[PDB]
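What follows is a single chain, given as structure tokens, in the form deposited in one PDB entry.
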């Protein structure tokens, strides 16, 4: 009778629930917060307090960015179609991972690879252009070296105050000085910031070996950060459409080009 399931993160078979070896009462006695629970359940580690707080700040900063982005819009459409909360949320979450919400992960990987390989920022920039590859985590539809992004400033201020070192973030900022020298909209965007700061946390907070940090980036920890954070906003938009008593939506024919054979 060899067990068909295997699990590492939570044991609810005893009288008191356990998260990664910490009884739930100790989680609260130690004031771990949501960020510390995430460290237990996603990484099976008791993270330092500043790392737990940084995780919570990432969830707060990614909670929403308005009703116009793909996933919020799809949730809103479901809500207006009279659907339940979970269906509507899911409809929006399913838009995430590539062009919407995927740049956190892509930036963490692309910057880590350049940094680890020893290529300097100017040569990384020149390489990616000669190769016609966009630098993930760089560029924004509206923000600029003159209209800075406040979410970037907030997270940047915090990690510099608490992290032992932020080498990948510093490298990414050297890239930004070069890219914005040319095009002022090629800033380090909020997705690139979270991505590189999260690598710096995993690599420098002391709870991970390099191999462990590399594995958690590879299996999608950062995808999870964006998904969990933005779920709060999408549920908010679901509730908002119901509070505003919004009826069924159908897209107007004027905004659609039909090109049949």
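By rigid core we mean the largest C-alpha set that fits within 1.5 Å across both forms. Residue numbers count along the first chain shown, from 1.
One more form of this protein should be noted, the form deposited in another entry, which is absent from this view; the next part is about it.
Undergrad: With the two forms fitted on the rigid core, I'd like to know which residue in 93, 119, 81, 145 is displaced by 2 angstroms or more at its CA between the shown form and the other one.
TA: The one that shifts is 145.
Undergrad: Aligning on the rigid core, do we see the C-alpha of residue 164 shift 2 angstroms or more between the shown form and the other one?
TA: Shift at residue 164: below 2 Å after core fit.
Undergrad: Rigid core fitted, is the C-alpha displacement of residue 186 between the shown form and the other one 2 Å or more?
TA: Moves: yes, 2 Å or greater.
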